[PDB]
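Student: Below is a structure I'd like to ask you about.
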Amino acid sequence: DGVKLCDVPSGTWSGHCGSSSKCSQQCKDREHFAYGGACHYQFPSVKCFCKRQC
């Protein structure tokens, strides 16, 4: 229904997140974030945030 996922900042990804598909792939590939990730705006640019389950 609505699993609670927390968008956590990546230390691996830096710069800009233009593709959420690659962001999510990165999160699943790098760590145990099977829910992937999304491009979330933070200062100063859109960065990749991995979705962990909370």
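In the structure tokens, chains take letters A, B, ... by order of appearance, with residues numbered from 1 within each chain and ligands from 1 in the order shown.
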Show me, as a PyMOL selection string, the residues that have an atom within 9 Å of residue 49 (chain A) when counting only C-alpha atoms, minus same-chain residues fewer than 3 positions from it.

Tutor: chain A and resi 6-10+13+17+23-24+27+36-40

Student: Closest to residue 2 (chain A) among A:21, A:43, A:34, A:53, using only C-alpha atoms?

Tutor: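 Among A:21, A:43, A:34, A:53, it is A:53 that comes nearest to residue 2 (chain A).
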
Student: When DSSP is applied to the backbone of this structure, which of chain A are assigned alpha helix (DSSP H)? Write them out as an MDAnalysis selection string.

Tutor: chainID A and resid 20:30

Student: Write a file of the just-selected residues containing C-alpha atoms, as a PDB file, in the first residue's frame.

Tutor:
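Everything below was put into part.pdb:
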ATOM      1  CA  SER A  20      16.442   8.630 -11.424  1.00  0.00           C
ATOM      2  CA  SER A  21      16.722   5.256 -13.129  1.00  0.00           C
ATOM      3  CA  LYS A  22      20.498   5.347 -12.851  1.00  0.00           C
ATOM      4  CA  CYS A  23      20.219   6.878  -9.390  1.00  0.00           C
ATOM      5  CA  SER A  24      18.078   3.946  -8.320  1.00  0.00           C
ATOM      6  CA  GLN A  25      20.370   1.483 -10.087  1.00  0.00           C
ATOM      7  CA  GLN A  26      23.299   3.066  -8.280  1.00  0.00           C
ATOM      8  CA  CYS A  27      21.621   2.671  -4.905  1.00  0.00           C
ATOM      9  CA  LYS A  28      20.673  -0.993  -5.567  1.00  0.00           C
ATOM     10  CA  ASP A  29      24.102  -1.699  -7.008  1.00  0.00           C
ATOM     11  CA  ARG A  30      26.179   0.057  -4.402  1.00  0.00           C
TER      12      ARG A  30
END

Student: Need the shell around residue 5 (chain A): protein/DNA/RNA residues with any atom at most 8 Å away, counting only C-alpha atoms. Skip same-chain ones fewer than 4 positions apart. Format as a list in words?

Tutor: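 Close residues of residue 5 (chain A): residues 35, 51, 52, 53 and 54 of chain A.
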
Student: May I have the selected residues written with N, CA, C and O atoms, as a short mmCIF file (atom, residue, chain, number, x, y, z; two decimals), in the first residue's frame?

Tutor:
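out16.cif, written as the output of this step:
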data_model
loop_
_atom_site.label_atom_id
_atom_site.label_comp_id
_atom_site.auth_asym_id
_atom_site.auth_seq_id
_atom_site.Cartn_x
_atom_site.Cartn_y
_atom_site.Cartn_z
N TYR A 35 14.94 -0.53 -2.99
CA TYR A 35 13.88 0.37 -3.41
C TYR A 35 14.43 1.46 -4.32
O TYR A 35 13.69 2.30 -4.81
N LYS A 51 16.42 5.26 -1.52
CA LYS A 51 15.25 4.99 -0.72
C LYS A 51 15.44 3.75 0.10
O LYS A 51 15.51 2.63 -0.43
N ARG A 52 15.58 3.94 1.38
CA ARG A 52 15.63 2.82 2.28
C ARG A 52 14.28 2.66 2.89
O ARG A 52 13.50 3.60 2.90
N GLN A 53 14.01 1.52 3.41
CA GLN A 53 12.75 1.31 4.03
C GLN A 53 12.88 1.69 5.48
O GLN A 53 13.91 1.42 6.11
N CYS A 54 11.92 2.36 5.98
CA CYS A 54 11.90 2.69 7.36
C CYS A 54 10.75 1.96 8.00
O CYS A 54 10.96 0.81 8.46
#
